[PDB]
Amino acid sequence: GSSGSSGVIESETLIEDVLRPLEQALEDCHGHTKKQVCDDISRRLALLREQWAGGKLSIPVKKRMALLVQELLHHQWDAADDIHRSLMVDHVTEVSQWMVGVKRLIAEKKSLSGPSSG
């Protein structure tokens, strides 16, 4: 068998910690990607933050995000999508309403690096 059974209820990660990067990317795109495409993403960000700060996001929905972020930082886009996928599995709706934006960001940020498309 396996029987997962895992829980964690502690203070960790910060909105400005998951946004710092997510935001650092935008600016990058802002000066690369179309103003429309970038505008779209940004718009999504505003939500992410709102939903994040607001508290509409789950604790395990943040700890998971940071992951994708941490990766995007190391350029581990492959990972970003990975974690992003895991989130799209359960917390698909949660991430939704903005996720779409990130989904794009990743690709974008990735492209910037050099390679594009998985």
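- For this entry, the PDB record names solution NMR as the structure determination method.

- For the protein, the name recorded in the PDB entry is Steroid receptor RNA activator 1, with Mus musculus as its organism.

## Considering the pattern of salt bridges
Here is step 1: According to the stated counting rule, one finds three salt bridges in the structure shown.
Here is step 2: A salt bridge links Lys 109 to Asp 28, with the nearest nitrogen and oxygen atoms 3.8 Å apart. Remark: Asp 28 occurs in helix 1 (residues 15-30) and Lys 109 occurs in helix 6 (residues 99-113); sequence separation between them is 81 residues.
Here is step 3: For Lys 109, a relative accessible area of 8% translates into the label buried.
Here is step 4: We note a salt bridge from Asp 81 to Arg 85, for which the minimum N-O separation is 3.6 Å. Here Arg 85 and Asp 81 lie together in helix 4 (residues 77-89), a separation of four residues that amounts to about one turn.

## What about the packing of helix 1 against helix 6?
Axes are the key here: two packed helices are described by the angle between their axes and the distance separating the axes.
Here is step 1: Packing of helix 1 against helix 6 brings their axes to within 10 Å, and their N-to-C directions diverge by 60°. Of the possible angle classes, the one that applies to helix 1 and helix 6 is oblique. Helix 1 and helix 6 meet at a crossing whose hand is left-handed. The segment helix 1 lies against helix 6, with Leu 22, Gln 24, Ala 25, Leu 26, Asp 28 and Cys 29 engaging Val 102, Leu 105, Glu 108, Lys 109 and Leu 112.
Here is step 2: Partitioned by chemical class, the residues of the contact of helix 1 with helix 6 number seven nonpolar, one polar and three charged.

## Section: helix 4
Here is step 1: Taking 1.5 Å as the rise per residue, helix 4 with 13 residues should run 18 Å; its terminal C-alpha atoms sit 18 Å apart, in good agreement.
Here is step 2: Residues of helix 4 that are buried: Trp 77, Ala 79, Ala 80, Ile 83, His 84 and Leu 87. Projected down its long axis, helix 4 carries its buried residues within an arc of 160°, all on one side. Exposed positions of helix 4 whose direction lies more than 90 degrees from the buried face are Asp 78, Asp 82, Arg 85 and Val 89.

## Considering the state of the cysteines
Here is step 1: Per the counting criterion, the structure on display carries zero disulfides.
Here is step 2: Free of any disulfide, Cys 38 has its nearest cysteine sulfur in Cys 29, 5.1 Å distant.
Here is step 3: On the accessibility criterion, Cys 38 (3% relative accessible area) is buried.

## What about a negative patch on the surface?
Here is step 1: Together, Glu 16, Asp 17, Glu 23 and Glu 27 line one region of the surface with negative charge.
Here is step 2: Within the secondary structure layout, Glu 23 lies in helix 1.
Here is step 3: Classification of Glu 23 by relative accessible area gives partly exposed; the value is 36%.

Thresholds applied
Residues numbered from 1 in each chain as written, not as in the entry; some residues may be left out. Heavy atoms only, no water. Salt bridge = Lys/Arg side-chain N within 4 Å of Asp/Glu carboxyl O. Helix = DSSP H or I, 4+ residues; strand = E, 2+ residues; numbered from the N terminus. Buried < 20%, exposed > 50% of the residue type's maximum accessible area, 1.4 Å probe, protein only. Axes fitted to C-alpha atoms, helices over the stretch in contact; angles between N-to-C directions. Parallel < 35°, antiparallel > 145°, perpendicular 65-115°, else oblique. Left-handed = near helix turned anticlockwise from the far one by under 90°. Contact = heavy atoms within 4.5 Å. Nonpolar A, V, L, I, M, F, W, Y, C, P; charged D, E, K, R; others polar. Expected span 1.5 Å × (residues − 1). Arc of directions from axis to C-beta. Disulfide = S-S within 2.5 Å. Patch = residues over 30% accessible without salt bridge, like charges linked within 9 Å, V, L, I, M, F, W, Y side chains within 5 Å. Areas by Shrake-Rupley, 256 points an atom, 1.4 Å probe, with all protein chains shown as cover. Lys, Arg positive; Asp, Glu negative; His and termini not counted. Charge placed at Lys NZ, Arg CZ, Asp CG, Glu CD.

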